[PDB]
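In: return atomic coordinates for the entry below.
(7 chains)
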Amino acid sequence: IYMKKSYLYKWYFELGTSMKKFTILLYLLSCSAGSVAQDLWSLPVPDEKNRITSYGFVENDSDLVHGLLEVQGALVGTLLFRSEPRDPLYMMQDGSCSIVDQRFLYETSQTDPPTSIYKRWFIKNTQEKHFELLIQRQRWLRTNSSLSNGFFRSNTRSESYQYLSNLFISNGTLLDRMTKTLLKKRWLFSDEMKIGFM
Amino acid sequence: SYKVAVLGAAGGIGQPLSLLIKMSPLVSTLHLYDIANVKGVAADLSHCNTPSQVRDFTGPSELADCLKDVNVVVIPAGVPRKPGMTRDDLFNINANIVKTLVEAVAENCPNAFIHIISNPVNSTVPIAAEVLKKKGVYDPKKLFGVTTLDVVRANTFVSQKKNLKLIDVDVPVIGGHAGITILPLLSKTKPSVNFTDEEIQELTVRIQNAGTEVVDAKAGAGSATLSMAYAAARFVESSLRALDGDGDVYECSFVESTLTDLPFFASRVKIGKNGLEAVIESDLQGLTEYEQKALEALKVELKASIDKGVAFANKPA
Amino acid sequence: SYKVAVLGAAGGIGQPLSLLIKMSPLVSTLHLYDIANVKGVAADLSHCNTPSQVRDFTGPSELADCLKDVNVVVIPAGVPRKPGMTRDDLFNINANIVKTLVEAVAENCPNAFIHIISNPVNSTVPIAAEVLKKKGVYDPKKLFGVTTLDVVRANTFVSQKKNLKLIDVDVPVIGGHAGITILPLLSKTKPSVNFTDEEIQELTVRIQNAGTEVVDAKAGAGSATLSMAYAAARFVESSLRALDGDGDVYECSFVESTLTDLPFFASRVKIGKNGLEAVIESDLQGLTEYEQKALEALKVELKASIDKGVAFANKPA
Amino acid sequence: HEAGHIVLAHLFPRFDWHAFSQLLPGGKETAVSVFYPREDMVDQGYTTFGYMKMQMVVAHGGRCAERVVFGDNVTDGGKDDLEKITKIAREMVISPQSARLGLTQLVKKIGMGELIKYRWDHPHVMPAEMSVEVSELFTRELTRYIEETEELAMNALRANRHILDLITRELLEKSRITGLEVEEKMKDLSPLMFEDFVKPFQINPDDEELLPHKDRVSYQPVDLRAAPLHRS
Amino acid sequence: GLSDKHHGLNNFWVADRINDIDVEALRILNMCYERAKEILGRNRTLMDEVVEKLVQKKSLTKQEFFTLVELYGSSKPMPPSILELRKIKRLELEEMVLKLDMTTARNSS
Amino acid sequence: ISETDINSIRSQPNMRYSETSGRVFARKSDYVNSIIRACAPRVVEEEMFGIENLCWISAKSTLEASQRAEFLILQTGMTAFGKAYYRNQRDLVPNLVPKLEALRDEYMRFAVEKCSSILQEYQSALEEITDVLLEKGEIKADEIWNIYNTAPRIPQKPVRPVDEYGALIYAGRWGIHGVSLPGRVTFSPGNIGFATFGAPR
Amino acid sequence: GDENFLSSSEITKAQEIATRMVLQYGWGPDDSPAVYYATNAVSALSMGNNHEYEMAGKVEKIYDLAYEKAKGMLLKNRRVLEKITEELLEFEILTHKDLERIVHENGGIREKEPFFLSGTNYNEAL
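Out: Numbering: from 1, shown residues only, chains lettered A, B, ... in the order given. The structure is reproduced below:
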């Protein structure tokens, strides 16, 4: 019940070299279960008045779930009923990215008037920030219009939450007695887990 | 996840309108109500594999239980056209039915969206307004008149004539929902297309008389029963989206507006969470002389219709 | 960009079915046709702002021009239930109507998807097959029996009882489309849920007698006219998706298949561009003792129905 | 403006301590209040939705009283409030505990104070790629929350106007007021008390009892997409 | 900001107007291009003369070049400067305002 | 306005104002008036001298009007764009960009039309002040107001008032479709059928 | 229920290989001499904005064509593959002679020259 005081994402991926595709689902299920227990055991019907926004471990859990979902979707190229939509520019972008990676690893109106008509009336660098501004705006509009892979992760997390809720509801007495124990004695270990699983 | 109550869902317009309301992805509860033949409609609609539940209530005795937690109230009740029957007795029957229904919704659920479909809605919306005024529960922002059918007919005719792709074609319609008072704004039609004179003339008269063309094409078999249900379902879906919090819910309805001297007028409005939120004031400025004299001609007719409605709605018992 | 012809689009089922077919993103032209009252339906559907064209033909004289370039033939024609009248006379009138309709199709368009709706369809699809055989144009891969109502009712009842999400639930149904012959495969229902014996019994009898429940709930006002239109629209859109080349058009239809000794049987089929492409063989084995004895019970009744149909279709003129 | 801020600060059971409030500080044509958050909120290390709603209601207070008194001709004196509210409102939606937009890929980390931490303004935070419809839900939620706090502020500031112009008259007469004076003036006025927003949900330490659920999680999956158009 | 598409407005937000920003430059080049074709096609004889003189002498000063221009030039109607435009606008405004003055006076008197 | 000279060449006009401190408040009408006053030289040069006679400086005057109108729409919050405070850099999600563009274009239509309507009514005063500035080169406030109150005025047609909803009516998520909703019944995804009018199923 | 991340390092290699015939060497689906990339290049050409979808479709086409060729000539040696797997599991050492014996006894079918991913544009040398 005392407050703690961070980079577990890289350790699991650097330790998993030739692991299965099913353990990713288990990792995602384990990284999205605390919110299920919180939503279940917090009393209904405030106007969301008692949530714990922007604290320590929920951000890391969200980042871990997002990274796991991205890793699962980017490597899909039975277990899954359907697959990710696979935006039809990812393929050639991956090819060009691999080619560039292998190449890398293989190594204000012109205030002086023109006396000759051949010279221009404007300097080449006069209107250059506006060109970059327009290019950046157009690129932002182009990139923020083609994420056809945002409605897939949400429903996957929804089914994960539904399974976690259905599993937690039947075994609610376990977490109920265990919460009573944690409120009773301040510190708590895994031997007490295995003892109190009854 | 909202509740819709159709009052008169066993007539001509009611059954296709109820079927279309059932297939909406936002309805979760549907309360059918009519004086008779509502058990069969509920039996028909209870087998579709749509999560919108269906319950029915029969008779005015159970009408009190029909309006619990209802967010949108749909009133398509009113007998269709009968042989030998004139305008005044039809207006009396439809106005009495809508008067009882508005009294019921005022007694039970006064914070629900009210959609009036019974014809003529030009003289029926003032009746509902006066009855709601008599109970002290009148909200001018939560009472609409369905005139969407004129907009749909205008879009269809304009896309058929100008050979435009029908998805983008929308034509503003002002005035009311009865004959000459419907004025399509063909000069403000998107996508931008240039019209001639006789084309505008024939399109306007076709838009104004499409209703009578429908009723004489059926050879006295009633009125429009699939297009009216289409327009009512479109307006119900738009109102349900308005309750969902979308900030771009714009429709064409016959509501109480002060853009002219007329208390009630059909125009483009913007609906929000609490009902009416805005009225498009730019519809009446920018008209040519054709639309100007059309508005001047339809103003007196709409004023007479609204006066007749208010005159009936305050008759002694 | 396909073409659909509804044969009998002015009756009970016909008008909502046409209303639903019009509003689909696959239909672009549509012939309404009935012996009477088809002008008004086309006039009503001609005002909706959907790009699917509507043309209509009245009487047998224009029935020759109704079936040009048609890809899907929809046949919902057939008189609903009336007071004082038995199974035999309804069989004769509906059979005569479907004989005339399928004969008109065989004379005009041998290459169009044929959907038979008229009741009893168990003894009506063999009639269509025989009258297609008599002209030498019978294609057994392009003649279906609309039996999606049992599947929809099974999904509704299962999702209501077991409290599952309605879109995800789909229950296999085999046999036919008349009372006892409908056998829901509750042991092959996805998503996986464990059932008891009493629940399976009550679900089976409810599925088998739901049509009877509706026709007594209507108090003799007819039969199901909105759920029938829903199932017919679903099957029409599935057949139109099959014409698109979509590789997962799986439905539940009553077609001439050789799973059992019966010539015609309703089961899960996979439809292609040329019509029937495969029949799902995973439905008829793996059943428990309940489905086994139910199947051997309904086999003789289905055989009697098919024999009645094929005998009545072969009577001399 | 200052009187409305003070009133909506002192209409709450558990708002921050009002140190003082001064009009025209050092000749500048502005005004300032000083609010010190309670020590429990500092010791908590996080913020609750009730506490942030606390903040935008109080921040609305000044412009809301200005609009209530002077009418619908709203000036730009509360622009900073109109900024601050919005910022905190964004923390209402960006947060992973939102019911509508919890299980969606919001602002993502490139890779590497104050009680209210603005995660949106982090140097390693750059907004993730969105669709048109998903962004509309974001705008709709922020508008919903802003309008909810706005409606609460209007309703509260018409609930008690006598205290408003009493603190106002104090602000003209003294040109500076303190929290003790403010508390002693509405002590015998009986205002319409707001409900407590930050009361903690707590478990009994040793009462042996199966505390219930509803029976579900409150998250709704993000699936908003219109049907494909006709003529296909 | 020197264009007349909406009114200057060198920056926009949506991609359609950003794309249309570079359309006006190419149409402006095209209209200057046709204007150059028309100007050089009007002056073929002086063109040939000045080309011959430039080849024979390899140099040319103002006097002889302008003499050749006066010998073989075409009509060059000069557009009015800002002074003439201001004068015609001023006289039009004065005549219109005195017309308004009489239409007020003799209708009132 | 207090003093006015034409003795210097500057990007901004050489006008002098009598500064009075006390700008606690500024209404929406003040913002609209500032937007109108921002784009004066381009309108006056386009009116008297035509489009093809604009300077590089006086044509760089409606850009400041653009900045001021974007400030009014985004960072002030009494328009119909919303009641939030957006800092132009990055808290502009791609849904609000068409709304901002449409509101901005509507505001420039109103402002340019009002500039063209105001100057043509006070044309006699305009040319009188221009002539006095040409002769003397230094003019005062008193003669400015005297010419304003004494010069004749040509009546002009009234301008169309600005409305935000009339321009936001065609700027939504779906686009032009959504105002003319066709409605469609789709059975393809899953085992369900939905009839939608712009609504997401 | 048991998948692998083993072939991924190969599949991206395929994602590397296909684009090389489309951008660099011009061995595209239509034998077009359009070249948009060079050995010492840092980026590509203008490449258009909607023109990228066409070449992306080309690259997915050649990738899927190679995939379907591999599937067609690998599903016809299923039993041979099972034999090789069980001999590898039971002996832990296999040689080229052993693989030759396995593909001879169990009926391995080899491919024949000329080898092309698509025969719709193949020609013969002179």
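In: how about the contacts made by the closest residue to chain C within the stretch 101-250 of chain B?
Out: Going by C-beta to the nearest C-beta, chain C is nearest to residue B:218 of the stretch 101-250 of chain B, at 3.5 Å. Yep, even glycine has a C-beta here, placed from its N, CA and C like the rest. Residue B:218 sits next to C:37, C:39, C:40, C:43 when contact means C-beta atoms under 8 Å, 6 or more residues apart in numbering or on different chains.
In: which residue, neighbours along the chain excluded, lies closest to the residue in chain B that chain E sits nearest to?
Out: Scanning chain B for proximity to chain E using C-beta to the nearest C-beta identifies residue B:191 as nearest, at 14.5 Å. In this structure, residue B:191 finds its nearest non-sequential neighbour in residue B:168, 5.6 Å apart by C-beta to C-beta, 6 or more residues apart in numbering or on different chains.
In: what helix or strand is that neighbour on?
Out: Residue B:168 is part of no helix or strand, with elements assigned from DSSP states H and E.
In: number of residues surrounding residue F:29?
Out: Neighbours of residue F:29 under the rule other C-beta atoms under 10 Å in any protein chain shown: 9.
In: and for residue F:155?
Out: Residue F:155, neighbours per other C-beta under 10 Å, totals 7.
In: need the phi and psi values for the closest residue to it other than its chain neighbours.
Out: Nearest residue to residue F:155 in three dimensions, chain neighbours excluded: residue F:121, at 7.1 Å (C-beta to C-beta, 6+ apart). Residue F:121 adopts backbone torsions of phi -80, psi -40, taken as degrees, to the nearest 10.
In: residue contacts, residue F:121?
Out: Counting by C-beta under 8 Å, 6+ apart, residue F:121 has contacts F:153, F:154, F:155, F:156.
In: could you rerun that using 7 Å?
Out: With contact set as C-beta atoms under 7 Å, 6 or more residues apart in numbering or on different chains, residue F:121 has these partners: F:153, F:154, F:156.
In: and these, which are buried?
Out: For the contacts of residue F:121, a neighbour count by 16 or more other C-beta atoms under 10 Å in any protein chain shown gives an empty buried set.
In: of those, just say which sits nearest to residue F:36.
Out: residue F:156 (15.2 Å; C-beta to C-beta).
In: let me see the contact set for that closest one.
Out: Residue F:156 is in contact with F:117, F:120, F:121, counting by C-beta under 7 Å, 6+ apart.
In: the residue of chain B found nearest chain G: what secondary structure?
Out: Among the residues of chain B, residue B:165 lies closest to chain G, at 21.2 Å counting by C-beta to the nearest C-beta. Put simply, residue B:165 is coil when judged by DSSP: H, G, I helix; E, B strand; the rest coil.
In: could you count how many residues lie near residue 95?
Out: In the absence of a named chain, chain A is used. Residue A:95, neighbours per other C-beta under 10 Å, totals 23.
In: was after chain G, sorry
Out: 8.
In: if we can go back for a sec, now render the contacts of residue F:121 as a markdown table, adding secondary structure and distance to residue B:137.
Out: Listed next are these as a markdown table, based on DSSP: H, G, I helix; E, B strand; the rest coil; distance: C-beta to C-beta, whole Å:
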| residue | secondary structure | distance to residue B:137 |
| --- | --- | --- |
| F:153 | coil | 52 |
| F:154 | coil | 54 |
| F:156 | coil | 48 |
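In: the strand or helix carrying residue F:37 packs against which elements?
Out: For residue F:37, the host element (DSSP H and E) is helix F:28-38. Judged by 3 or more C-beta pairs under 7 Å, 6 or more residues apart in numbering or on different chains; DSSP states H and E, helix F:28-38 is in contact with helix F:62-75, helix F:96-121.
In: okay, those helices in a markdown table with distance to residue C:153 next?
Out: Output for the helices and strands packed on helix F:28-38, formatted as a markdown table (distance: least, C-beta to C-beta, whole Å):
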| stretch | distance to residue C:153 |
| --- | --- |
| helix F:62-75 | 55 |
| helix F:96-121 | 46 |
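In: for residue C:290, which of those is the nearest?
Out: helix F:96-121 (59.7 Å).
In: return the set of buried residues in that closest one.
Out: F:96-112, F:114-115, F:119.
In: and that helix, how far out from the chain middle?
Out: The chain centroid and the centroid of helix F:96-121 are separated by 4 Å under C-alpha atoms, centre = their mean, to the nearest Å.
In: show me which residues of the longest helix along chain D are buried.
Out: Longest helix in chain D, counting residues (DSSP state H): helix D:132-159. Neighbour counts over helix D:132-159 (16+ other C-beta under 10 Å) mark D:132-146, D:149-150, D:152-153, D:156-157 as buried.
In: fine by me, we can end here.
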